[PDB]
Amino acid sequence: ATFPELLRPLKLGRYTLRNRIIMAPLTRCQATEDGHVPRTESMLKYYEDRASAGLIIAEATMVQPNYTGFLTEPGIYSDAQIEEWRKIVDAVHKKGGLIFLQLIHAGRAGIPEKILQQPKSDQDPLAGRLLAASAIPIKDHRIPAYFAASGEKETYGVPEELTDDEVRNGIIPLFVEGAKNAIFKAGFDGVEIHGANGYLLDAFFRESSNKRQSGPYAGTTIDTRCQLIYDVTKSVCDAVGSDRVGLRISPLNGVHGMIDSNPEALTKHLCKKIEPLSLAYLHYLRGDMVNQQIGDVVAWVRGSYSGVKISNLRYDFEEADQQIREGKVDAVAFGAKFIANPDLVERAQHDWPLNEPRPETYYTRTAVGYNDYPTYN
């Protein structure tokens, strides 16, 4: 067998995966701009073609109405959304695959020209507002043209600092409802909490974006920075069962100028803090997409977390295989390689050559660079 450790089944929460080749969450922007409804026609084909994966983690999907970071990403808050997702999940299950939905709040990376143009009036006190841990806008980065309202690069806006009461009673229940919608109604096998990549939860977790001076979510200690990640995940687990809940973090990922001054101590503490939750897994970016911050995230997690360990970032089959054989990680999620290879698992199984990804077409909103990468045959 080509990569015996990587191709071996894995117990994950209440499931047994067929293999340890995980499909990473990948925003591809194939939902409607109006109601963030999945465009079933394309998304069903896309995911069903990739259902040989050990597990699919579906793309970041909104929990708060209209709070869009990506212009055309899907939501999981409305009945319309749930109905299209249910059809997508049924098709993966028909192929025998497993699918978790990633749940996101874009925080300070929300698109100002979309969010700020729903009127500021009640029925929803969170609507019409940019929200984050602190009033610290993303600096010296522009909203990419493929996410921007216009279709041309835009400036991130200045967010409002969430009150302790809005976090506990405004943000957390949206994740809970989003997760119940995902699992109980659309039939998802699980949900992944989006604690990474500069979004709401990561922004509370790392020092650079959390300067709150007081309360349970303060920026002033490692434990209080961990608390929003904790409280969201815990409330979700209570409603849906911990065996159907994953968490993603990226303690070294410098997107949007995110940085913590002690990522090793932060990560290790997070691990001990979420241990009693008995999650289905912890999924982490082992590094920086920019290649600047360094640290062996794999070893930090291995030393302080005893549940399922899913790593990610510039893996190939051989590295994944050998990190699993050495006991460093339990599974590996692949991003770009799944974009380019719907039959990635088959290619591992016969060591077949791999299609090359084309980043230039990652976000077309059409079939081009989305559903046109062929299987090997």
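A residue's number is simply how far along the shown sequence it sits, counting from 1.
Taking only CA atoms, the mean B-factor in the PDB entry is higher for 286 to 294 than for the other of 167 to 175 and 286 to 294.
Two stretches are in play, 332 to 340 and 26 to 34, and the higher mean C-alpha B-factor belongs to 26 to 34. Taking the deposited Cα B-factors for 192, 189, 231, 122, the highest one is held by 122. Of the candidates 272, 87, 244, 105, the deposited coordinates give 87 the top C-alpha B factor. When the modelled residues of the chain are ordered by C-alpha B-factor, residue 210 sits in the middle third. Placement of the Cα temperature factor of residue 39 within the chain: highest third of the modelled residues, per the deposited record. Ranked by C-alpha B-factor against the other modelled residues of its chain, residue 226 falls in the lowest third. Annotation for residue 324: CA B-factor lies in the middle third of the chain's modelled residues. Looking at the C-alpha B-factors along this chain, the one for residue 347 belongs to the middle third.
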